file input-v3.pdb (PDB, C-alpha atoms and all ligand atoms)
ATOM      1  CA  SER A   1      76.077  42.265 119.406  1.00  0.00           C
ATOM      2  CA  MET A   2      78.351  43.238 122.359  1.00  0.00           C
ATOM      3  CA  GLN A   3      80.789  40.448 121.157  1.00  0.00           C
ATOM      4  CA  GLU A   4      80.982  42.319 117.797  1.00  0.00           C
ATOM      5  CA  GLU A   5      81.444  45.702 119.553  1.00  0.00           C
ATOM      6  CA  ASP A   6      84.287  44.107 121.633  1.00  0.00           C
ATOM      7  CA  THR A   7      85.864  42.909 118.302  1.00  0.00           C
ATOM      8  CA  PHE A   8      85.810  46.421 116.775  1.00  0.00           C
ATOM      9  CA  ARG A   9      87.126  47.937 120.042  1.00  0.00           C
ATOM     10  CA  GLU A  10      90.091  45.500 119.916  1.00  0.00           C
ATOM     11  CA  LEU A  11      90.626  46.524 116.245  1.00  0.00           C
ATOM     12  CA  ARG A  12      90.745  50.235 117.213  1.00  0.00           C
ATOM     13  CA  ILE A  13      93.236  49.541 120.093  1.00  0.00           C
ATOM     14  CA  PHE A  14      95.467  47.600 117.625  1.00  0.00           C
ATOM     15  CA  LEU A  15      95.228  50.355 114.938  1.00  0.00           C
ATOM     16  CA  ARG A  16      95.989  53.167 117.478  1.00  0.00           C
ATOM     17  CA  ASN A  17      99.119  51.243 118.617  1.00  0.00           C
ATOM     18  CA  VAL A  18     100.388  50.685 115.010  1.00  0.00           C
ATOM     19  CA  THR A  19      99.672  54.370 114.155  1.00  0.00           C
ATOM     20  CA  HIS A  20     101.442  55.641 117.319  1.00  0.00           C
ATOM     21  CA  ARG A  21     104.551  53.588 116.466  1.00  0.00           C
ATOM     22  CA  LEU A  22     104.633  55.168 112.946  1.00  0.00           C
ATOM     23  CA  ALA A  23     103.980  58.703 114.321  1.00  0.00           C
ATOM     24  CA  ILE A  24     106.888  58.667 116.849  1.00  0.00           C
ATOM     25  CA  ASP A  25     109.408  57.524 114.131  1.00  0.00           C
ATOM     26  CA  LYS A  26     111.514  60.634 113.204  1.00  0.00           C
ATOM     27  CA  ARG A  27     111.560  59.529 109.484  1.00  0.00           C
ATOM     28  CA  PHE A  28     107.743  60.006 109.361  1.00  0.00           C
ATOM     29  CA  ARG A  29     107.416  63.470 110.965  1.00  0.00           C
ATOM     30  CA  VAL A  30     106.317  64.981 107.583  1.00  0.00           C
ATOM     31  CA  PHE A  31     103.338  62.571 107.559  1.00  0.00           C
ATOM     32  CA  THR A  32     102.075  63.347 111.100  1.00  0.00           C
ATOM     33  CA  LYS A  33     100.155  66.538 110.168  1.00  0.00           C
ATOM     34  CA  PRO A  34      98.224  67.730 107.094  1.00  0.00           C
ATOM     35  CA  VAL A  35     100.294  69.701 104.488  1.00  0.00           C
ATOM     36  CA  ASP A  36     100.059  73.484 105.364  1.00  0.00           C
ATOM     37  CA  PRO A  37      98.272  75.348 102.478  1.00  0.00           C
ATOM     38  CA  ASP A  38     100.423  78.477 103.236  1.00  0.00           C
ATOM     39  CA  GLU A  39     103.700  76.629 102.353  1.00  0.00           C
ATOM     40  CA  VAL A  40     101.985  74.476  99.639  1.00  0.00           C
ATOM     41  CA  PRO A  41      98.858  76.103  98.076  1.00  0.00           C
ATOM     42  CA  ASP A  42      98.913  73.818  94.981  1.00  0.00           C
ATOM     43  CA  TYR A  43      98.756  70.695  97.282  1.00  0.00           C
ATOM     44  CA  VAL A  44      94.956  70.644  97.867  1.00  0.00           C
ATOM     45  CA  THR A  45      94.489  71.148  94.028  1.00  0.00           C
ATOM     46  CA  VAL A  46      96.807  68.218  92.963  1.00  0.00           C
ATOM     47  CA  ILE A  47      95.998  65.847  95.852  1.00  0.00           C
ATOM     48  CA  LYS A  48      92.255  65.143  95.985  1.00  0.00           C
ATOM     49  CA  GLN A  49      92.301  62.934  99.135  1.00  0.00           C
ATOM     50  CA  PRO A  50      95.017  64.273 101.461  1.00  0.00           C
ATOM     51  CA  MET A  51      95.893  61.792 104.221  1.00  0.00           C
ATOM     52  CA  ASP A  52      98.250  61.940 107.224  1.00  0.00           C
ATOM     53  CA  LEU A  53      98.628  60.060 110.501  1.00  0.00           C
ATOM     54  CA  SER A  54      96.650  62.659 112.556  1.00  0.00           C
ATOM     55  CA  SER A  55      93.708  62.122 110.066  1.00  0.00           C
ATOM     56  CA  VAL A  56      94.127  58.356 110.554  1.00  0.00           C
ATOM     57  CA  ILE A  57      93.919  58.680 114.399  1.00  0.00           C
ATOM     58  CA  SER A  58      90.790  60.842 113.993  1.00  0.00           C
ATOM     59  CA  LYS A  59      89.213  58.190 111.705  1.00  0.00           C
ATOM     60  CA  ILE A  60      89.998  55.362 114.127  1.00  0.00           C
ATOM     61  CA  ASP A  61      88.214  57.254 116.935  1.00  0.00           C
ATOM     62  CA  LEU A  62      85.221  57.979 114.588  1.00  0.00           C
ATOM     63  CA  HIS A  63      84.844  54.167 113.992  1.00  0.00           C
ATOM     64  CA  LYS A  64      85.620  54.562 110.315  1.00  0.00           C
ATOM     65  CA  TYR A  65      87.811  51.439 110.129  1.00  0.00           C
ATOM     66  CA  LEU A  66      85.990  48.139 110.555  1.00  0.00           C
ATOM     67  CA  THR A  67      88.872  46.089 109.102  1.00  0.00           C
ATOM     68  CA  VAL A  68      92.666  46.332 108.859  1.00  0.00           C
ATOM     69  CA  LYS A  69      92.240  46.347 105.045  1.00  0.00           C
ATOM     70  CA  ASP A  70      90.252  49.659 105.321  1.00  0.00           C
ATOM     71  CA  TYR A  71      93.069  51.140 107.526  1.00  0.00           C
ATOM     72  CA  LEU A  72      95.769  50.025 105.041  1.00  0.00           C
ATOM     73  CA  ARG A  73      93.875  51.804 102.220  1.00  0.00           C
ATOM     74  CA  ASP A  74      94.566  55.102 104.094  1.00  0.00           C
ATOM     75  CA  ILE A  75      98.231  54.143 104.788  1.00  0.00           C
ATOM     76  CA  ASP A  76      98.614  53.331 101.063  1.00  0.00           C
ATOM     77  CA  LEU A  77      97.108  56.859 100.294  1.00  0.00           C
ATOM     78  CA  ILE A  78      99.832  58.530 102.398  1.00  0.00           C
ATOM     79  CA  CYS A  79     102.395  56.718 100.210  1.00  0.00           C
ATOM     80  CA  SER A  80     100.692  57.158  96.784  1.00  0.00           C
ATOM     81  CA  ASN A  81      99.938  60.928  97.511  1.00  0.00           C
ATOM     82  CA  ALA A  82     103.712  61.423  98.181  1.00  0.00           C
ATOM     83  CA  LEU A  83     104.738  59.497  94.948  1.00  0.00           C
ATOM     84  CA  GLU A  84     102.265  61.633  92.926  1.00  0.00           C
ATOM     85  CA  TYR A  85     102.993  65.071  94.465  1.00  0.00           C
ATOM     86  CA  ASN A  86     106.833  64.601  94.674  1.00  0.00           C
ATOM     87  CA  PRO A  87     107.878  62.628  91.525  1.00  0.00           C
ATOM     88  CA  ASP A  88     111.059  64.537  90.550  1.00  0.00           C
ATOM     89  CA  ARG A  89     114.672  63.309  90.615  1.00  0.00           C
ATOM     90  CA  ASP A  90     115.904  65.985  93.017  1.00  0.00           C
ATOM     91  CA  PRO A  91     116.922  64.937  96.512  1.00  0.00           C
ATOM     92  CA  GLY A  92     114.001  66.667  98.358  1.00  0.00           C
ATOM     93  CA  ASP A  93     111.429  64.669  96.306  1.00  0.00           C
ATOM     94  CA  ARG A  94     113.442  61.395  96.465  1.00  0.00           C
ATOM     95  CA  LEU A  95     113.745  61.714 100.294  1.00  0.00           C
ATOM     96  CA  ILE A  96     109.921  62.230 100.704  1.00  0.00           C
ATOM     97  CA  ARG A  97     109.183  59.251  98.381  1.00  0.00           C
ATOM     98  CA  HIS A  98     111.656  57.007 100.240  1.00  0.00           C
ATOM     99  CA  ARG A  99     110.133  58.023 103.622  1.00  0.00           C
ATOM    100  CA  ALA A 100     106.559  57.486 102.260  1.00  0.00           C
ATOM    101  CA  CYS A 101     107.396  53.962 100.893  1.00  0.00           C
ATOM    102  CA  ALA A 102     109.152  53.230 104.215  1.00  0.00           C
ATOM    103  CA  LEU A 103     106.036  54.266 106.202  1.00  0.00           C
ATOM    104  CA  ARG A 104     103.863  52.016 104.081  1.00  0.00           C
ATOM    105  CA  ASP A 105     106.336  49.067 104.263  1.00  0.00           C
ATOM    106  CA  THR A 106     106.713  49.535 108.076  1.00  0.00           C
ATOM    107  CA  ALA A 107     102.923  49.480 108.595  1.00  0.00           C
ATOM    108  CA  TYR A 108     102.572  46.330 106.456  1.00  0.00           C
ATOM    109  CA  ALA A 109     105.496  44.614 108.283  1.00  0.00           C
ATOM    110  CA  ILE A 110     104.018  45.345 111.780  1.00  0.00           C
ATOM    111  CA  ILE A 111     100.616  44.027 110.598  1.00  0.00           C
ATOM    112  CA  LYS A 112     102.264  40.881 109.103  1.00  0.00           C
ATOM    113  CA  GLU A 113     104.028  40.124 112.442  1.00  0.00           C
ATOM    114  CA  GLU A 114     101.295  41.174 114.912  1.00  0.00           C
ATOM    115  CA  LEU A 115      97.768  40.880 113.314  1.00  0.00           C
ATOM    116  CA  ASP A 116      96.165  37.436 113.741  1.00  0.00           C
ATOM    117  CA  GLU A 117      94.685  36.471 110.322  1.00  0.00           C
ATOM    118  CA  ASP A 118      91.627  34.952 112.065  1.00  0.00           C
ATOM    119  CA  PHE A 119      90.980  38.296 113.826  1.00  0.00           C
ATOM    120  CA  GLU A 120      91.071  40.142 110.474  1.00  0.00           C
ATOM    121  CA  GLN A 121      88.767  37.489 108.966  1.00  0.00           C
ATOM    122  CA  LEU A 122      86.264  37.932 111.854  1.00  0.00           C
ATOM    123  CA  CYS A 123      86.277  41.731 111.298  1.00  0.00           C
ATOM    124  CA  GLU A 124      85.659  41.181 107.532  1.00  0.00           C
ATOM    125  CA  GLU A 125      82.733  38.815 108.251  1.00  0.00           C
ATOM    126  CA  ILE A 126      81.024  41.226 110.729  1.00  0.00           C
ATOM    127  CA  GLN A 127      81.574  44.151 108.213  1.00  0.00           C
ATOM    128  CA  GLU A 128      80.054  42.072 105.332  1.00  0.00           C
ATOM    129  CA  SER A 129      77.031  41.195 107.661  1.00  0.00           C
ATOM    130  CA  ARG A 130      76.042  44.917 108.114  1.00  0.00           C
TER     131      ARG A 130
HETATM  132  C1  LIG A 201     103.668  65.288 102.328  1.00  0.00           C
HETATM  133  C2  LIG A 201     104.199  65.981 101.105  1.00  0.00           C
HETATM  134  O1  LIG A 201     104.085  65.491  99.975  1.00  0.00           O
HETATM  135  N1  LIG A 201     104.775  67.175 101.309  1.00  0.00           N
HETATM  136  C3  LIG A 201     105.551  67.873 100.290  1.00  0.00           C
HETATM  137  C4  LIG A 201     104.815  69.133  99.854  1.00  0.00           C
HETATM  138  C5  LIG A 201     106.969  68.252 100.730  1.00  0.00           C
HETATM  139  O2  LIG A 201     107.794  68.601  99.888  1.00  0.00           O
HETATM  140  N2  LIG A 201     107.244  68.178 102.040  1.00  0.00           N
HETATM  141  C6  LIG A 201     108.469  68.715 102.629  1.00  0.00           C
HETATM  142  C7  LIG A 201     108.354  68.857 104.085  1.00  0.00           C
HETATM  143  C8  LIG A 201     108.134  68.857 105.257  1.00  0.00           C
HETATM  144 BR1  LIG A 201     107.726  68.473 107.131  1.00  0.00          BR
HETATM  145 CL    CL A 202     114.558  66.090 107.445  1.00  0.00          CL
END

call {"tool": "encode", "arguments": {"input": "input-v3.pdb", "output": "structure tokens", "more": "lines below"}}
Ligand SMILES: CC(=O)N[C@@H](C)C(=O)NCC#CBr
Ligand SMILES: [Cl-]
result
Amino acid sequence: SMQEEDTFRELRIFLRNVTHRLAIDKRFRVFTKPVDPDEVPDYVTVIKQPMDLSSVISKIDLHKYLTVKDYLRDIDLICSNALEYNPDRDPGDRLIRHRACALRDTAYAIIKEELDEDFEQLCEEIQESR
């Protein structure tokens, strides 16, 4: 229905706003673009589903997220990819892991404060209906 299309459009507006707020944070610059294969040619071999915030924006606009849970799966991938690819004790790896965990925690904290639970439940019930 048009009511359902309005619902998903509101979801995309909300997700674009959350994603923009993460992308402008200087801590998260490394996560705004895909890893460059030049610098890191073993990346695309270790990490089977690369994810970054530009990929997330593209997915929002392709109507790939019908719930906030589906969006958070991709935010969690940004974090888990960084924990897997950069697991060492040296400062460069610890800094990337801390920034990745912080991205993920920031996204979850914005959604806790600003997502109405009944809105998410409506999205889930339309998605389940299709
Ligand atoms: C996202 C990720 O895991 N990237 C690894 C390869 C990394 O060491 N990044 C440093 C930088 C920059 Br900007
Ligand atoms: Cl830096």

call {"tool": "closest_atom_pairs", "arguments": {"input": "input-v3.pdb", "of": "chain A", "to": "ligand LIG 201 (chain A)", "cutoff": "7 Å", "atoms": "all atoms listed in the file", "output": "JSON lines"}}
result
{"residue": "A:29", "atom": "CA", "partner": "A:LIG201", "partner_atom": "BR1", "distance": 6.3}
{"residue": "A:30", "atom": "CA", "partner": "A:LIG201", "partner_atom": "BR1", "distance": 3.8}
{"residue": "A:31", "atom": "CA", "partner": "A:LIG201", "partner_atom": "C1", "distance": 5.9}
{"residue": "A:35", "atom": "CA", "partner": "A:LIG201", "partner_atom": "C1", "distance": 6.0}
{"residue": "A:40", "atom": "CA", "partner": "A:LIG201", "partner_atom": "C4", "distance": 6.1}
{"residue": "A:43", "atom": "CA", "partner": "A:LIG201", "partner_atom": "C4", "distance": 6.8}
{"residue": "A:81", "atom": "CA", "partner": "A:LIG201", "partner_atom": "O1", "distance": 6.6}
{"residue": "A:82", "atom": "CA", "partner": "A:LIG201", "partner_atom": "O1", "distance": 4.5}
{"residue": "A:85", "atom": "CA", "partner": "A:LIG201", "partner_atom": "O1", "distance": 5.6}
{"residue": "A:86", "atom": "CA", "partner": "A:LIG201", "partner_atom": "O1", "distance": 6.0}
{"residue": "A:92", "atom": "CA", "partner": "A:LIG201", "partner_atom": "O2", "distance": 6.7}
{"residue": "A:93", "atom": "CA", "partner": "A:LIG201", "partner_atom": "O2", "distance": 6.4}
{"residue": "A:96", "atom": "CA", "partner": "A:LIG201", "partner_atom": "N2", "distance": 6.7}

call {"tool": "closest_atom_pairs", "arguments": {"input": "input-v3.pdb", "of": "range 22-113 of chain A", "to": "range 124-127 of chain A", "cutoff": "10 Å", "atoms": "only C-alpha atoms", "output": "tab-separated table"}}
result
residue	atom	partner	partner_atom	distance
A:65	CA	A:127	CA	9.8
A:66	CA	A:127	CA	6.4
A:67	CA	A:124	CA	6.1
A:68	CA	A:124	CA	8.8
A:69	CA	A:124	CA	8.7
A:70	CA	A:124	CA	9.9

call {"tool": "closest_residue", "arguments": {"input": "input-v3.pdb", "among": "A:130, A:104, A:26, A:94", "to": "ligand CL 202 (chain A)", "atoms": "all atoms listed in the file"}}
result
A:26

call {"tool": "residues_around", "arguments": {"input": "input-v3.pdb", "residues": "residue 108 in chain A", "least_positions_apart": "4", "cutoff": "12 Å", "atoms": "all atoms listed in the file", "output": "CSV table (one decimal) with C-alpha atoms, in the frame of the given file"}}
result
chain,number,residue,atom,x,y,z
A,15,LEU,CA,95.2,50.4,114.9
A,18,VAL,CA,100.4,50.7,115.0
A,19,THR,CA,99.7,54.4,114.2
A,22,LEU,CA,104.6,55.2,112.9
A,68,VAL,CA,92.7,46.3,108.9
A,69,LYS,CA,92.2,46.3,105.0
A,71,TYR,CA,93.1,51.1,107.5
A,72,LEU,CA,95.8,50.0,105.0
A,73,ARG,CA,93.9,51.8,102.2
A,75,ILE,CA,98.2,54.1,104.8
A,76,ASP,CA,98.6,53.3,101.1
A,101,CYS,CA,107.4,54.0,100.9
A,102,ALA,CA,109.2,53.2,104.2
A,103,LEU,CA,106.0,54.3,106.2
A,104,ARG,CA,103.9,52.0,104.1
A,112,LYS,CA,102.3,40.9,109.1
A,113,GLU,CA,104.0,40.1,112.4
A,114,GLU,CA,101.3,41.2,114.9
A,115,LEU,CA,97.8,40.9,113.3

call {"tool": "atom_distance", "arguments": {"input": "input-v3.pdb", "atom1": "CA of residue 110 in chain A", "atom2": "CA of residue 128 in chain A"}}
result
25.0 Å

call {"tool": "resolve_selection", "arguments": {"input": "input-v3.pdb", "expression": "the PyMOL selection byres (((chain A and resi 55) around 10) and not hetatm)", "output": "PyMOL selection string"}}
result
chain A and resi 31-34+50-54+56-60+74

call {"tool": "atom_distance", "arguments": {"input": "input-v3.pdb", "atom1": "CA of residue 23 in chain A", "atom2": "CA of residue 99 in chain A"}}
result
12.4 Å

call {"tool": "atom_distance", "arguments": {"input": "input-v3.pdb", "atom1": "CA of residue 118 in chain A", "atom2": "CA of residue 21 in chain A"}}
result
23.1 Å

call {"tool": "closest_residue", "arguments": {"input": "input-v3.pdb", "among": "A:45, A:106, A:1, A:28", "to": "ligand CL 202 (chain A)", "atoms": "only C-alpha atoms and all ligand atoms"}}
result
A:28

call {"tool": "closest_residue", "arguments": {"input": "input-v3.pdb", "among": "A:48, A:89, A:27, A:97", "to": "ligand CL 202 (chain A)", "atoms": "all atoms listed in the file"}}
result
A:27

call {"tool": "decode", "arguments": {"input": "input-v3.pdb", "residues": "range 97-118 of chain A", "atoms": "N, CA, C and O atoms", "output": "mmCIF file, in the first residue's frame"}}
result
data_model
loop_
_atom_site.group_PDB
_atom_site.id
_atom_site.type_symbol
_atom_site.label_atom_id
_atom_site.label_comp_id
_atom_site.auth_asym_id
_atom_site.auth_seq_id
_atom_site.Cartn_x
_atom_site.Cartn_y
_atom_site.Cartn_z
ATOM 1 N N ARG A 97 40.367 -1.384 15.864
ATOM 2 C CA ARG A 97 39.326 -2.147 16.596
ATOM 3 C C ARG A 97 38.550 -1.207 17.493
ATOM 4 O O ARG A 97 37.312 -1.335 17.594
ATOM 5 N N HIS A 98 39.226 -0.314 18.230
ATOM 6 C CA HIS A 98 38.516 0.578 19.150
ATOM 7 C C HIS A 98 37.547 1.457 18.330
ATOM 8 O O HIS A 98 36.394 1.629 18.843
ATOM 9 N N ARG A 99 37.997 1.959 17.209
ATOM 10 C CA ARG A 99 37.161 2.867 16.373
ATOM 11 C C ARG A 99 35.983 2.034 15.825
ATOM 12 O O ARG A 99 34.864 2.562 15.802
ATOM 13 N N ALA A 100 36.229 0.816 15.389
ATOM 14 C CA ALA A 100 35.130 -0.047 14.857
ATOM 15 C C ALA A 100 34.091 -0.323 15.928
ATOM 16 O O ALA A 100 32.844 -0.200 15.553
ATOM 17 N N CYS A 101 34.448 -0.730 17.130
ATOM 18 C CA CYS A 101 33.553 -0.983 18.267
ATOM 19 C C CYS A 101 32.822 0.309 18.573
ATOM 20 O O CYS A 101 31.636 0.255 18.906
ATOM 21 N N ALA A 102 33.525 1.456 18.526
ATOM 22 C CA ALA A 102 32.899 2.744 18.844
ATOM 23 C C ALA A 102 31.852 3.083 17.784
ATOM 24 O O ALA A 102 30.801 3.614 18.172
ATOM 25 N N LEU A 103 32.127 2.832 16.523
ATOM 26 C CA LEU A 103 31.104 3.052 15.465
ATOM 27 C C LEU A 103 29.846 2.267 15.825
ATOM 28 O O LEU A 103 28.676 2.789 15.888
ATOM 29 N N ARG A 104 30.055 0.994 16.016
ATOM 30 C CA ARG A 104 28.929 0.071 16.284
ATOM 31 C C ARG A 104 28.176 0.542 17.515
ATOM 32 O O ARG A 104 26.917 0.708 17.451
ATOM 33 N N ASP A 105 28.870 0.835 18.625
ATOM 34 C CA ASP A 105 28.196 1.296 19.863
ATOM 35 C C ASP A 105 27.460 2.638 19.637
ATOM 36 O O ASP A 105 26.328 2.806 20.202
ATOM 37 N N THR A 106 28.031 3.553 18.851
ATOM 38 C CA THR A 106 27.421 4.845 18.559
ATOM 39 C C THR A 106 26.109 4.614 17.780
ATOM 40 O O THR A 106 25.111 5.252 18.105
ATOM 41 N N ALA A 107 26.160 3.772 16.777
ATOM 42 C CA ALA A 107 24.950 3.501 15.966
ATOM 43 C C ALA A 107 23.871 2.938 16.870
ATOM 44 O O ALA A 107 22.704 3.391 16.821
ATOM 45 N N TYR A 108 24.202 1.946 17.694
ATOM 46 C CA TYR A 108 23.210 1.336 18.594
ATOM 47 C C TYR A 108 22.679 2.372 19.577
ATOM 48 O O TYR A 108 21.462 2.335 19.860
ATOM 49 N N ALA A 109 23.513 3.286 20.084
ATOM 50 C CA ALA A 109 23.061 4.266 21.088
ATOM 51 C C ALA A 109 22.116 5.311 20.437
ATOM 52 O O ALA A 109 21.103 5.688 21.044
ATOM 53 N N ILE A 110 22.404 5.718 19.203
ATOM 54 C CA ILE A 110 21.487 6.667 18.499
ATOM 55 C C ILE A 110 20.171 5.952 18.309
ATOM 56 O O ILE A 110 19.115 6.590 18.516
ATOM 57 N N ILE A 111 20.174 4.722 17.832
ATOM 58 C CA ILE A 111 18.928 3.965 17.575
ATOM 59 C C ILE A 111 18.164 3.751 18.886
ATOM 60 O O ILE A 111 16.935 4.022 18.955
ATOM 61 N N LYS A 112 18.860 3.468 19.988
ATOM 62 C CA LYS A 112 18.151 3.315 21.293
ATOM 63 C C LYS A 112 17.408 4.594 21.666
ATOM 64 O O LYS A 112 16.268 4.496 22.165
ATOM 65 N N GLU A 113 17.987 5.762 21.437
ATOM 66 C CA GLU A 113 17.478 7.061 21.887
ATOM 67 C C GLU A 113 16.438 7.571 20.895
ATOM 68 O O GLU A 113 15.569 8.345 21.340
ATOM 69 N N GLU A 114 16.513 7.205 19.608
ATOM 70 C CA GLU A 114 15.750 7.975 18.593
ATOM 71 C C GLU A 114 14.826 7.095 17.716
ATOM 72 O O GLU A 114 13.994 7.663 17.023
ATOM 73 N N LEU A 115 14.911 5.805 17.753
ATOM 74 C CA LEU A 115 14.005 4.885 17.015
ATOM 75 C C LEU A 115 12.814 4.588 17.931
ATOM 76 O O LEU A 115 12.992 3.994 19.028
ATOM 77 N N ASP A 116 11.599 4.869 17.478
ATOM 78 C CA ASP A 116 10.409 4.371 18.206
ATOM 79 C C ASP A 116 10.256 2.866 17.992
ATOM 80 O O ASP A 116 10.260 2.410 16.834
ATOM 81 N N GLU A 117 10.148 2.101 19.071
ATOM 82 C CA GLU A 117 10.031 0.626 19.009
ATOM 83 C C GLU A 117 8.799 0.220 18.201
ATOM 84 O O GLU A 117 8.863 -0.852 17.529
ATOM 85 N N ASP A 118 7.727 1.035 18.250
ATOM 86 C CA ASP A 118 6.505 0.651 17.506
ATOM 87 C C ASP A 118 6.714 0.859 16.013
ATOM 88 O O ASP A 118 6.048 0.223 15.180
#
